[PDB]
Amino acid sequence: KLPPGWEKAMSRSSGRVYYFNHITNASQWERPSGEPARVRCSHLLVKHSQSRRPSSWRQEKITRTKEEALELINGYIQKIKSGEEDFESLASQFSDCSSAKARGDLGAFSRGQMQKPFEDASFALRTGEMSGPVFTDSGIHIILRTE
Ligand SMILES: C[C@H](O)c1nc2ccccc2[nH]1
């Protein structure tokens, strides 16, 4: 009996159980703690060549592959989790969304407004929690639920 979307798994490298959320792609060692009309989220977007618009304020022509975008996302998540970098800092510097200029903040939103995988992950995140890689037609997202 775990919160929405969580399941038990076993580490291949360590053998210790961990928890994975199939809506948010979050993964963690600790057992998860546990819906509002609106949530507030920030995100860091890494676009790729198959993004709906392969262009951003960082790059007129985004040419990186989906796999390359995912590896960038993976490295940002690693540095956020290690404390080496802050989400807001990486979003401001590297997000391919115009919300980079607001440290990735998108403001508050309801169901029905965002692309569905983004929405589902946002609403399955607890306040303060961060997603793993979330895939949409825009690219690949790291989502931070702030409210
Ligand atoms: C103080 C902060 O937690 C932090 N985490 C780090 C990870 C790698 C290198 C430097 C780092 N500084």
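Residues numbered from 1 in each chain as written, not as in the entry; some residues may be left out. Heavy atoms only, no water. Residues with missing side-chain atoms left out of burial classes, pairs and counts.

Considerations on the pattern of salt bridges
Side-chain pairing between opposite charges can occur once the charged atoms of the two side chains come close. In plain terms, the rule: Throughout this description, the term salt bridge denotes a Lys or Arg side-chain nitrogen within 4 Å of a carboxyl oxygen of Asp or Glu. With a 1.4 Å probe rolled over the protein chains alone, any residue whose accessible area is under 20% of its type maximum counts as buried; one over 50% counts as exposed, and the rest are partly exposed.
Tallying each qualifying case throughout the model produces eight salt bridges. Where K79 meets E84, a salt bridge forms, and the shortest distance between an N and an O atom there is 3.6 Å. The partly exposed category is assigned to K79, whose relative accessible area is 34%. The partner of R111 in a salt bridge is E119, with the nearest N and O atoms 3.0 Å apart. A relative accessible area of 36% places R111 in the partly exposed class. Exposure remark for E119: the relative accessible area of 4% places this residue in the buried category. Several salt bridges converge on common partners, so that one network encompasses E35, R111, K116, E119 and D120.

Observations regarding the sheet that holds strand β6 (residues 134–136)
Stated precisely, the cut-off is as follows: The pairing criterion for strands is at least two bridges between them, as found by DSSP. Numbered from the N terminus, helices here are DSSP runs of H or I no shorter than four residues, and strands are runs of E no shorter than two. Only the stretch in contact is used when a helix axis is fitted, and all axes are lines through C-alpha atoms; the angle between N-to-C directions ranges over 0 to 180 degrees. Contacts are assigned to residue pairs with any non-hydrogen atoms lying within 4.5 Å of each other.
Spatial ordering of the open sheet is given by β5-β4-β7-β6, a layout of four strands whose pairing is antiparallel. Pairing within the sheet leaves two strands with one partner each, and these edge strands are β5 (105–110) and β6. Ignoring strand direction, the axes of neighbouring strands in this sheet form an average angle of 45°. Relative to the sheet, helix α1 (residues 66–82) contacts β4 (38–46), β6 and β7 (139–145), its axis offset from that of β7 by approximately 25°.

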